>>> print(open('final36.cif').read())   # mmCIF, C-alpha atoms and all ligand atoms; chains and numbers go by the auth columns
data_my_file
loop_
_atom_site.group_PDB
_atom_site.id
_atom_site.type_symbol
_atom_site.label_atom_id
_atom_site.label_comp_id
_atom_site.label_asym_id
_atom_site.label_seq_id
_atom_site.Cartn_x
_atom_site.Cartn_y
_atom_site.Cartn_z
_atom_site.B_iso_or_equiv
_atom_site.auth_seq_id
_atom_site.auth_asym_id
ATOM 1 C CA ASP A 1 0.000 0.000 0.000 0.00 1 A
ATOM 2 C CA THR A 2 0.872 3.650 -0.429 0.00 2 A
ATOM 3 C CA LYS A 3 1.191 6.472 2.102 0.00 3 A
ATOM 4 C CA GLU A 4 -2.021 7.954 0.715 0.00 4 A
ATOM 5 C CA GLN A 5 -3.912 4.663 1.252 0.00 5 A
ATOM 6 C CA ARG A 6 -2.550 4.521 4.785 0.00 6 A
ATOM 7 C CA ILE A 7 -3.827 8.073 5.489 0.00 7 A
ATOM 8 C CA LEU A 8 -7.304 7.175 4.228 0.00 8 A
ATOM 9 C CA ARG A 9 -7.407 3.948 6.285 0.00 9 A
ATOM 10 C CA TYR A 10 -6.271 5.880 9.335 0.00 10 A
ATOM 11 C CA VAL A 11 -9.159 8.332 8.945 0.00 11 A
ATOM 12 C CA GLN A 12 -11.611 5.483 8.351 0.00 12 A
ATOM 13 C CA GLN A 13 -10.483 3.843 11.626 0.00 13 A
ATOM 14 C CA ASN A 14 -9.895 6.981 13.809 0.00 14 A
ATOM 15 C CA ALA A 15 -12.511 9.507 12.795 0.00 15 A
ATOM 16 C CA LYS A 16 -16.295 9.680 12.847 0.00 16 A
ATOM 17 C CA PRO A 17 -18.238 9.335 9.574 0.00 17 A
ATOM 18 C CA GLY A 18 -19.937 12.613 8.737 0.00 18 A
ATOM 19 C CA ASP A 19 -17.675 14.650 11.047 0.00 19 A
ATOM 20 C CA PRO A 20 -15.267 16.817 9.037 0.00 20 A
ATOM 21 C CA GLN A 21 -13.386 18.133 12.067 0.00 21 A
ATOM 22 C CA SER A 22 -12.625 14.551 13.202 0.00 22 A
ATOM 23 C CA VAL A 23 -11.286 13.818 9.698 0.00 23 A
ATOM 24 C CA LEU A 24 -8.922 16.817 9.719 0.00 24 A
ATOM 25 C CA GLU A 25 -7.724 15.910 13.198 0.00 25 A
ATOM 26 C CA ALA A 26 -7.063 12.291 12.193 0.00 26 A
ATOM 27 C CA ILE A 27 -5.084 13.338 9.129 0.00 27 A
ATOM 28 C CA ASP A 28 -3.072 15.855 11.135 0.00 28 A
ATOM 29 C CA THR A 29 -2.345 13.281 13.851 0.00 29 A
ATOM 30 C CA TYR A 30 -1.185 10.679 11.355 0.00 30 A
ATOM 31 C CA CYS A 31 0.979 13.126 9.520 0.00 31 A
ATOM 32 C CA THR A 32 2.579 14.469 12.740 0.00 32 A
ATOM 33 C CA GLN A 33 3.136 11.067 14.403 0.00 33 A
ATOM 34 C CA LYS A 34 3.587 8.582 11.539 0.00 34 A
ATOM 35 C CA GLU A 35 4.346 9.941 8.062 0.00 35 A
ATOM 36 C CA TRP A 36 4.686 13.524 6.772 0.00 36 A
ATOM 37 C CA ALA A 37 2.479 14.408 3.836 0.00 37 A
ATOM 38 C CA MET A 38 1.834 17.539 1.766 0.00 38 A
ATOM 39 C CA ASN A 39 -1.538 18.463 3.212 0.00 39 A
ATOM 40 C CA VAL A 40 -1.869 22.235 3.803 0.00 40 A
ATOM 41 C CA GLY A 41 -2.029 21.318 7.486 0.00 41 A
ATOM 42 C CA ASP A 42 -3.450 23.033 10.565 0.00 42 A
ATOM 43 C CA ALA A 43 -1.277 26.146 10.829 0.00 43 A
ATOM 44 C CA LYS A 44 -1.862 27.298 7.246 0.00 44 A
ATOM 45 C CA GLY A 45 -5.350 25.703 7.394 0.00 45 A
ATOM 46 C CA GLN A 46 -6.362 28.172 10.113 0.00 46 A
ATOM 47 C CA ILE A 47 -5.466 31.036 7.761 0.00 47 A
ATOM 48 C CA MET A 48 -7.495 29.395 5.008 0.00 48 A
ATOM 49 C CA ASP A 49 -10.446 29.051 7.369 0.00 49 A
ATOM 50 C CA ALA A 50 -10.263 32.791 8.214 0.00 50 A
ATOM 51 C CA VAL A 51 -10.276 33.630 4.448 0.00 51 A
ATOM 52 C CA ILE A 52 -13.166 31.310 3.633 0.00 52 A
ATOM 53 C CA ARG A 53 -15.203 32.777 6.461 0.00 53 A
ATOM 54 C CA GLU A 54 -14.450 36.360 5.357 0.00 54 A
ATOM 55 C CA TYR A 55 -15.579 35.789 1.751 0.00 55 A
ATOM 56 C CA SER A 56 -18.238 33.037 2.030 0.00 56 A
ATOM 57 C CA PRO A 57 -17.509 32.022 -1.554 0.00 57 A
ATOM 58 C CA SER A 58 -20.327 30.309 -3.520 0.00 58 A
ATOM 59 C CA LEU A 59 -17.957 28.642 -5.989 0.00 59 A
ATOM 60 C CA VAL A 60 -14.377 27.632 -5.163 0.00 60 A
ATOM 61 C CA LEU A 61 -11.836 25.991 -7.484 0.00 61 A
ATOM 62 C CA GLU A 62 -8.991 23.987 -5.924 0.00 62 A
ATOM 63 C CA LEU A 63 -5.903 23.033 -7.919 0.00 63 A
ATOM 64 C CA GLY A 64 -4.393 19.917 -6.368 0.00 64 A
ATOM 65 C CA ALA A 65 -6.504 17.622 -4.206 0.00 65 A
ATOM 66 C CA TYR A 66 -4.042 14.935 -2.951 0.00 66 A
ATOM 67 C CA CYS A 67 -5.949 13.077 -0.177 0.00 67 A
ATOM 68 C CA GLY A 68 -8.700 15.587 0.273 0.00 68 A
ATOM 69 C CA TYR A 69 -7.488 17.430 3.346 0.00 69 A
ATOM 70 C CA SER A 70 -7.893 20.949 2.005 0.00 70 A
ATOM 71 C CA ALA A 71 -11.091 20.020 0.230 0.00 71 A
ATOM 72 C CA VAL A 72 -12.548 18.838 3.569 0.00 72 A
ATOM 73 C CA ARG A 73 -11.163 21.970 5.233 0.00 73 A
ATOM 74 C CA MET A 74 -12.844 24.333 2.760 0.00 74 A
ATOM 75 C CA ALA A 75 -16.047 22.390 2.065 0.00 75 A
ATOM 76 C CA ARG A 76 -16.930 22.108 5.792 0.00 76 A
ATOM 77 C CA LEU A 77 -17.113 25.965 5.939 0.00 77 A
ATOM 78 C CA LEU A 78 -19.175 26.443 2.739 0.00 78 A
ATOM 79 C CA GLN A 79 -22.742 27.728 3.075 0.00 79 A
ATOM 80 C CA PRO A 80 -25.675 25.613 1.926 0.00 80 A
ATOM 81 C CA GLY A 81 -25.677 25.301 -1.872 0.00 81 A
ATOM 82 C CA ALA A 82 -22.072 26.585 -2.223 0.00 82 A
ATOM 83 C CA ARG A 83 -19.714 24.331 -4.134 0.00 83 A
ATOM 84 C CA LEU A 84 -16.130 23.314 -4.501 0.00 84 A
ATOM 85 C CA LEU A 85 -14.508 21.937 -7.680 0.00 85 A
ATOM 86 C CA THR A 86 -11.111 20.278 -7.170 0.00 86 A
ATOM 87 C CA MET A 87 -8.735 19.221 -9.905 0.00 87 A
ATOM 88 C CA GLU A 88 -6.365 16.296 -9.438 0.00 88 A
ATOM 89 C CA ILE A 89 -4.063 14.847 -12.074 0.00 89 A
ATOM 90 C CA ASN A 90 -3.204 11.605 -10.244 0.00 90 A
ATOM 91 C CA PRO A 91 -6.125 9.087 -10.503 0.00 91 A
ATOM 92 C CA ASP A 92 -5.130 7.214 -7.311 0.00 92 A
ATOM 93 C CA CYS A 93 -5.257 10.467 -5.378 0.00 93 A
ATOM 94 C CA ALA A 94 -8.511 11.442 -7.031 0.00 94 A
ATOM 95 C CA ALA A 95 -10.005 8.181 -5.741 0.00 95 A
ATOM 96 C CA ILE A 96 -8.594 8.746 -2.219 0.00 96 A
ATOM 97 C CA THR A 97 -10.010 12.288 -2.232 0.00 97 A
ATOM 98 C CA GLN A 98 -13.421 11.064 -3.281 0.00 98 A
ATOM 99 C CA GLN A 99 -13.485 8.488 -0.502 0.00 99 A
ATOM 100 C CA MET A 100 -12.265 11.041 2.005 0.00 100 A
ATOM 101 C CA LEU A 101 -15.045 13.454 1.110 0.00 101 A
ATOM 102 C CA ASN A 102 -17.616 10.630 1.175 0.00 102 A
ATOM 103 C CA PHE A 103 -16.431 9.673 4.662 0.00 103 A
ATOM 104 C CA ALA A 104 -16.649 13.287 5.840 0.00 104 A
ATOM 105 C CA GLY A 105 -20.196 13.593 4.431 0.00 105 A
ATOM 106 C CA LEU A 106 -19.159 16.426 2.129 0.00 106 A
ATOM 107 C CA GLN A 107 -19.592 14.682 -1.208 0.00 107 A
ATOM 108 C CA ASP A 108 -22.655 16.734 -2.143 0.00 108 A
ATOM 109 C CA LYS A 109 -20.622 19.949 -1.978 0.00 109 A
ATOM 110 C CA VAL A 110 -17.553 18.832 -3.903 0.00 110 A
ATOM 111 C CA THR A 111 -16.805 17.661 -7.417 0.00 111 A
ATOM 112 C CA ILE A 112 -13.454 15.950 -7.727 0.00 112 A
ATOM 113 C CA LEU A 113 -12.257 16.139 -11.258 0.00 113 A
ATOM 114 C CA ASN A 114 -9.536 13.769 -12.419 0.00 114 A
ATOM 115 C CA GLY A 115 -7.226 15.516 -14.945 0.00 115 A
ATOM 116 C CA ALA A 116 -4.525 18.214 -15.386 0.00 116 A
ATOM 117 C CA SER A 117 -5.552 21.760 -14.420 0.00 117 A
ATOM 118 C CA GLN A 118 -4.241 23.156 -17.692 0.00 118 A
ATOM 119 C CA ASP A 119 -6.571 20.746 -19.620 0.00 119 A
ATOM 120 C CA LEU A 120 -9.621 21.094 -17.360 0.00 120 A
ATOM 121 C CA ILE A 121 -9.648 24.903 -16.802 0.00 121 A
ATOM 122 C CA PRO A 122 -10.646 25.570 -20.485 0.00 122 A
ATOM 123 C CA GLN A 123 -13.605 23.178 -20.068 0.00 123 A
ATOM 124 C CA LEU A 124 -15.113 24.809 -16.953 0.00 124 A
ATOM 125 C CA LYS A 125 -17.507 27.158 -18.736 0.00 125 A
ATOM 126 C CA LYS A 126 -19.006 24.819 -21.322 0.00 126 A
ATOM 127 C CA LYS A 127 -18.660 21.381 -19.739 0.00 127 A
ATOM 128 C CA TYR A 128 -19.002 22.283 -16.021 0.00 128 A
ATOM 129 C CA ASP A 129 -21.427 25.249 -16.478 0.00 129 A
ATOM 130 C CA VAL A 130 -19.158 27.719 -14.635 0.00 130 A
ATOM 131 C CA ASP A 131 -19.606 31.470 -15.123 0.00 131 A
ATOM 132 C CA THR A 132 -16.910 32.982 -12.841 0.00 132 A
ATOM 133 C CA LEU A 133 -15.080 31.765 -9.779 0.00 133 A
ATOM 134 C CA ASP A 134 -15.321 33.372 -6.379 0.00 134 A
ATOM 135 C CA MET A 135 -12.126 31.829 -5.027 0.00 135 A
ATOM 136 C CA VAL A 136 -9.190 29.731 -6.275 0.00 136 A
ATOM 137 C CA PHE A 137 -6.894 27.683 -4.026 0.00 137 A
ATOM 138 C CA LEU A 138 -3.588 27.075 -5.829 0.00 138 A
ATOM 139 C CA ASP A 139 -1.853 24.060 -4.329 0.00 139 A
ATOM 140 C CA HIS A 140 -0.822 21.745 -7.176 0.00 140 A
ATOM 141 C CA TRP A 141 2.689 22.352 -8.495 0.00 141 A
ATOM 142 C CA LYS A 142 4.774 25.492 -8.134 0.00 142 A
ATOM 143 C CA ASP A 143 5.589 25.849 -11.851 0.00 143 A
ATOM 144 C CA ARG A 144 1.902 25.843 -12.828 0.00 144 A
ATOM 145 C CA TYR A 145 0.787 28.706 -10.531 0.00 145 A
ATOM 146 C CA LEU A 146 1.588 31.534 -12.957 0.00 146 A
ATOM 147 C CA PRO A 147 0.580 29.789 -16.207 0.00 147 A
ATOM 148 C CA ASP A 148 -2.771 28.567 -14.710 0.00 148 A
ATOM 149 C CA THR A 149 -3.512 32.062 -13.259 0.00 149 A
ATOM 150 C CA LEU A 150 -3.016 33.565 -16.703 0.00 150 A
ATOM 151 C CA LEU A 151 -5.160 30.778 -18.225 0.00 151 A
ATOM 152 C CA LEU A 152 -7.951 31.417 -15.728 0.00 152 A
ATOM 153 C CA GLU A 153 -7.920 35.033 -16.812 0.00 153 A
ATOM 154 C CA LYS A 154 -7.846 34.193 -20.533 0.00 154 A
ATOM 155 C CA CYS A 155 -10.846 31.877 -20.072 0.00 155 A
ATOM 156 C CA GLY A 156 -12.951 34.581 -18.494 0.00 156 A
ATOM 157 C CA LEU A 157 -13.194 32.756 -15.136 0.00 157 A
ATOM 158 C CA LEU A 158 -12.011 35.649 -12.932 0.00 158 A
ATOM 159 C CA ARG A 159 -14.168 38.590 -11.873 0.00 159 A
ATOM 160 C CA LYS A 160 -13.553 41.736 -9.846 0.00 160 A
ATOM 161 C CA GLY A 161 -12.950 40.429 -6.370 0.00 161 A
ATOM 162 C CA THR A 162 -12.050 36.805 -7.172 0.00 162 A
ATOM 163 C CA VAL A 163 -9.772 35.645 -4.406 0.00 163 A
ATOM 164 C CA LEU A 164 -6.659 33.643 -5.354 0.00 164 A
ATOM 165 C CA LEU A 165 -5.104 31.908 -2.303 0.00 165 A
ATOM 166 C CA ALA A 166 -1.752 30.238 -3.050 0.00 166 A
ATOM 167 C CA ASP A 167 -0.020 27.690 -0.813 0.00 167 A
ATOM 168 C CA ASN A 168 3.740 27.150 -0.613 0.00 168 A
ATOM 169 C CA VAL A 169 4.814 30.526 -1.922 0.00 169 A
ATOM 170 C CA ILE A 170 7.934 30.266 0.250 0.00 170 A
ATOM 171 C CA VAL A 171 8.596 26.454 0.339 0.00 171 A
ATOM 172 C CA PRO A 172 8.884 25.012 -2.263 0.00 172 A
ATOM 173 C CA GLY A 173 8.389 28.605 -3.439 0.00 173 A
ATOM 174 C CA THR A 174 6.708 30.203 -6.420 0.00 174 A
ATOM 175 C CA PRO A 175 8.918 33.151 -7.351 0.00 175 A
ATOM 176 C CA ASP A 176 7.496 33.845 -10.796 0.00 176 A
ATOM 177 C CA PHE A 177 3.926 33.839 -9.585 0.00 177 A
ATOM 178 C CA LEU A 178 4.731 36.072 -6.611 0.00 178 A
ATOM 179 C CA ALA A 179 6.714 38.578 -8.637 0.00 179 A
ATOM 180 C CA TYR A 180 3.938 38.690 -11.189 0.00 180 A
ATOM 181 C CA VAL A 181 0.935 39.181 -8.915 0.00 181 A
ATOM 182 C CA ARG A 182 2.773 41.588 -6.609 0.00 182 A
ATOM 183 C CA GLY A 183 3.835 43.710 -9.626 0.00 183 A
ATOM 184 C CA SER A 184 0.503 43.691 -11.432 0.00 184 A
ATOM 185 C CA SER A 185 -2.170 46.376 -11.072 0.00 185 A
ATOM 186 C CA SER A 186 -4.684 43.576 -11.741 0.00 186 A
ATOM 187 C CA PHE A 187 -4.091 42.050 -8.278 0.00 187 A
ATOM 188 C CA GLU A 188 -4.173 43.298 -4.733 0.00 188 A
ATOM 189 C CA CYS A 189 -1.856 41.059 -2.690 0.00 189 A
ATOM 190 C CA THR A 190 -1.299 40.166 0.888 0.00 190 A
ATOM 191 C CA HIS A 191 1.155 37.665 2.377 0.00 191 A
ATOM 192 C CA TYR A 192 0.260 35.457 5.330 0.00 192 A
ATOM 193 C CA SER A 193 3.419 34.104 6.936 0.00 193 A
ATOM 194 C CA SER A 194 3.144 30.712 8.560 0.00 194 A
ATOM 195 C CA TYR A 195 4.831 27.276 8.632 0.00 195 A
ATOM 196 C CA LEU A 196 5.275 24.328 6.374 0.00 196 A
ATOM 197 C CA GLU A 197 2.767 21.667 7.326 0.00 197 A
ATOM 198 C CA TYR A 198 3.886 19.554 10.252 0.00 198 A
ATOM 199 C CA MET A 199 7.342 21.268 10.297 0.00 199 A
ATOM 200 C CA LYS A 200 9.224 24.055 12.022 0.00 200 A
ATOM 201 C CA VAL A 201 10.057 25.592 8.653 0.00 201 A
ATOM 202 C CA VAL A 202 8.687 28.962 7.535 0.00 202 A
ATOM 203 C CA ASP A 203 6.186 28.962 4.674 0.00 203 A
ATOM 204 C CA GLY A 204 3.324 31.238 3.705 0.00 204 A
ATOM 205 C CA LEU A 205 0.200 31.807 1.729 0.00 205 A
ATOM 206 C CA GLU A 206 -0.345 34.631 -0.749 0.00 206 A
ATOM 207 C CA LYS A 207 -3.778 36.155 -1.242 0.00 207 A
ATOM 208 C CA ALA A 208 -4.127 37.900 -4.605 0.00 208 A
ATOM 209 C CA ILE A 209 -7.473 39.535 -5.251 0.00 209 A
ATOM 210 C CA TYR A 210 -8.252 40.025 -8.943 0.00 210 A
ATOM 211 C CA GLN A 211 -9.162 43.609 -9.846 0.00 211 A
ATOM 212 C CA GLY A 212 -10.306 43.217 -13.535 0.00 212 A
ATOM 213 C CA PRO A 213 -8.141 43.647 -16.716 0.00 213 A
HETATM 214 N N1 LIG B . -1.321 20.141 -13.283 0.00 301 B
HETATM 215 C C1 LIG B . -1.934 19.552 -12.263 0.00 301 B
HETATM 216 N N2 LIG B . -3.262 19.508 -12.253 0.00 301 B
HETATM 217 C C2 LIG B . -3.953 18.902 -11.257 0.00 301 B
HETATM 218 N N3 LIG B . -3.372 18.323 -10.200 0.00 301 B
HETATM 219 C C3 LIG B . -2.046 18.430 -10.107 0.00 301 B
HETATM 220 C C4 LIG B . -1.236 19.019 -11.145 0.00 301 B
HETATM 221 N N4 LIG B . 0.064 18.947 -10.796 0.00 301 B
HETATM 222 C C5 LIG B . 0.132 18.340 -9.593 0.00 301 B
HETATM 223 N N5 LIG B . -1.165 17.983 -9.212 0.00 301 B
HETATM 224 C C6 LIG B . -1.566 17.410 -7.957 0.00 301 B
HETATM 225 O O1 LIG B . -1.460 18.414 -6.948 0.00 301 B
HETATM 226 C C7 LIG B . -1.386 17.754 -5.649 0.00 301 B
HETATM 227 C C8 LIG B . -0.503 18.595 -4.759 0.00 301 B
HETATM 228 S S1 LIG B . -0.719 18.285 -3.009 0.00 301 B
HETATM 229 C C9 LIG B . -2.368 18.973 -2.765 0.00 301 B
HETATM 230 C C10 LIG B . -2.667 19.075 -1.263 0.00 301 B
HETATM 231 C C11 LIG B . -4.108 19.463 -0.957 0.00 301 B
HETATM 232 N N6 LIG B . -4.468 20.784 -1.558 0.00 301 B
HETATM 233 C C12 LIG B . -4.215 19.598 0.567 0.00 301 B
HETATM 234 O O2 LIG B . -3.807 20.639 1.092 0.00 301 B
HETATM 235 O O3 LIG B . -4.779 18.668 1.188 0.00 301 B
HETATM 236 C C13 LIG B . -0.945 16.307 -5.910 0.00 301 B
HETATM 237 O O4 LIG B . -1.924 15.360 -5.509 0.00 301 B
HETATM 238 C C14 LIG B . -0.700 16.287 -7.409 0.00 301 B
HETATM 239 O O5 LIG B . -0.932 15.039 -8.072 0.00 301 B
HETATM 240 O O1 LIG B . 4.239 19.908 -4.655 0.00 302 B
HETATM 241 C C1 LIG B . 3.455 20.318 -3.728 0.00 302 B
HETATM 242 N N1 LIG B . 2.168 20.625 -4.055 0.00 302 B
HETATM 243 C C2 LIG B . 1.302 21.161 -3.120 0.00 302 B
HETATM 244 N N2 LIG B . 1.636 21.386 -1.894 0.00 302 B
HETATM 245 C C3 LIG B . 2.919 21.053 -1.501 0.00 302 B
HETATM 246 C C4 LIG B . 3.239 21.317 -0.179 0.00 302 B
HETATM 247 O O2 LIG B . 2.328 21.879 0.646 0.00 302 B
HETATM 248 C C5 LIG B . 4.536 21.030 0.240 0.00 302 B
HETATM 249 F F1 LIG B . 4.847 21.296 1.521 0.00 302 B
HETATM 250 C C6 LIG B . 5.528 20.497 -0.606 0.00 302 B
HETATM 251 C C7 LIG B . 6.897 20.165 -0.108 0.00 302 B
HETATM 252 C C8 LIG B . 7.481 18.934 -0.467 0.00 302 B
HETATM 253 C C9 LIG B . 8.737 18.624 0.013 0.00 302 B
HETATM 254 C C10 LIG B . 9.351 19.486 0.875 0.00 302 B
HETATM 255 F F2 LIG B . 10.593 19.164 1.365 0.00 302 B
HETATM 256 C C11 LIG B . 8.843 20.694 1.213 0.00 302 B
HETATM 257 C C12 LIG B . 7.583 21.040 0.750 0.00 302 B
HETATM 258 C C13 LIG B . 5.176 20.223 -1.921 0.00 302 B
HETATM 259 C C14 LIG B . 3.865 20.507 -2.373 0.00 302 B
HETATM 260 CL CL CL B . 0.616 22.106 10.670 0.00 303 B
HETATM 261 MG MG MG B . 0.746 22.796 -0.434 0.00 304 B
#
>>> encode(input="final36.cif", output="structure tokens")
Amino acid sequence: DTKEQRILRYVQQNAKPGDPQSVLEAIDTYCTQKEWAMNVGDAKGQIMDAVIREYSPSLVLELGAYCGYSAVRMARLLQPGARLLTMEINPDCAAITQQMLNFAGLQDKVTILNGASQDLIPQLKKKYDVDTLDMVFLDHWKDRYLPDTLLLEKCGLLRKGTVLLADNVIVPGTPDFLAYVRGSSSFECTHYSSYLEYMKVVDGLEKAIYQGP
């Protein structure tokens, strides 16, 4: 078995079905005590929670699902009828994520799409009936943050006030993306300093609010 299978089994055997908080706590326990994994984690997760509560987004797009930790984190704070779409290139992880969400009782709020972000983003309007996004969580791969931001804009998926929230802007780091959004009059940016999940290593999130062309 894989690390990701082991995380899912741990949740299944140490959390309560239908209880998102118990799922997050189980994942965080496993990943602190047993095996590190690239979940956004509790420290940065608390910042994400504060952002989600401030904006109450009706439609969120996540890039990079992994085991479903961040999807659970966000979806448990969505209002009735609000929705999360999450894109995941690795089919084994897409299946873990789906099972994680099912266990948490969040499956009605989330659509887990198996494919590359750069291939799926251009299909959101016609295939997935999206108009514009209220929030984007970028947490897939550092080198895709800038290209996928520019693709989102090309595809007409951003509106005035769309919130981009980017993980790992310090470690592994996303220098092109940061230089771009911080230098562009089309974004208003704020940095939230924190720590790499499960580690005493500095990391941070960037919030970049789209301001129109
Ligand atoms: N181009 C791409 N499109 C979609 N998924 C991608 C991708 N490149 C990498 N990924 C996926 O992005 C994930 C990064 S880890 C995601 C962690 C998750 N957001 C959490 O905090 O719980 C991996 O599962 C990886 O397979
Ligand atoms: O590739 C990633 N995608 C999404 N999130 C990540 C993450 O949160 C990480 F900490 C890391 C990471 C991996 C190894 C390290 F030594 C440090 C950070 C990687 C990713
Ligand atoms: Cl943490
Ligand atoms: Mg990350």
>>> residues_near_ligand(input="final36.cif", ligand="ligand LIG 302 (chain B)", cutoff="12 Å", atoms="only C-alpha atoms and all ligand atoms", output="PyMOL selection string")
chain A and resi 36-45+62-70+88-89+137-145+166-174+194-205
>>> atom_distance(input="final36.cif", atom1="atom CA of residue A:133", atom2="atom CA of residue A:155")
11.1 Å
>>> resolve_selection(input="final36.cif", expression="the PyMOL selection byres (((chain A and resi 8-24) around 10) and not hetatm)", output="PyMOL selection string")
chain A and resi 3-7+25-30+39+41-42+45+67-70+72-73+75-77+96-97+99-106
>>> resolve_selection(input="final36.cif", expression="the PyMOL selection byres (((chain A and resi 57) around 10) and not hetatm)", output="list in words")
residues 51, 52, 53, 54, 55, 56, 58, 59, 60, 74, 77, 78, 79, 82, 83, 84, 133, 134, 135, 136, 162 and 163 of chain A
>>> closest_residue(input="final36.cif", among="A:148, A:117, A:110, A:46", to="residue A:193", atoms="all atoms listed in the file")
A:46
>>> atom_distance(input="final36.cif", atom1="atom CA of residue A:94", atom2="atom CA of residue A:151")
22.6 Å
>>> residues_around(input="final36.cif", residues="residue A:158", least_positions_apart="2", cutoff="8 Å", atoms="all atoms listed in the file", output="NGL selection string")
:A and (132-134 or 152-153 or 156 or 160 or 162 or 210 or 212)
>>> closest_residue(input="final36.cif", among="A:2, A:85, A:180, A:31", to="ligand CL 303 (chain B)", atoms="all atoms listed in the file")
A:31
>>> atom_distance(input="final36.cif", atom1="atom CA of residue A:190", atom2="atom CA of residue A:209")
8.7 Å
>>> closest_residue(input="final36.cif", among="A:176, A:34, A:111, A:165", to="ligand MG 304 (chain B)", atoms="all atoms listed in the file")
A:165
>>> closest_residue(input="final36.cif", among="A:107, A:33, A:149, A:114", to="ligand LIG 301 (chain B)", atoms="only C-alpha atoms and all ligand atoms")
A:114
>>> axis_aligned_box(input="final36.cif", around="ligand LIG 301 (chain B)", padding_each_side="6 Å", output="lines of an AutoDock Vina configuration file")
center_x = -2.3
center_y = 17.9
center_z = -6.0
size_x = 16.9
size_y = 17.7
size_z = 26.5
>>> closest_residue(input="final36.cif", among="A:32, A:95, A:129, A:48", to="ligand CL 303 (chain B)", atoms="all atoms listed in the file")
A:32
>>> closest_residue(input="final36.cif", among="A:47, A:61, A:189, A:181", to="residue A:120", atoms="only C-alpha atoms")
A:61
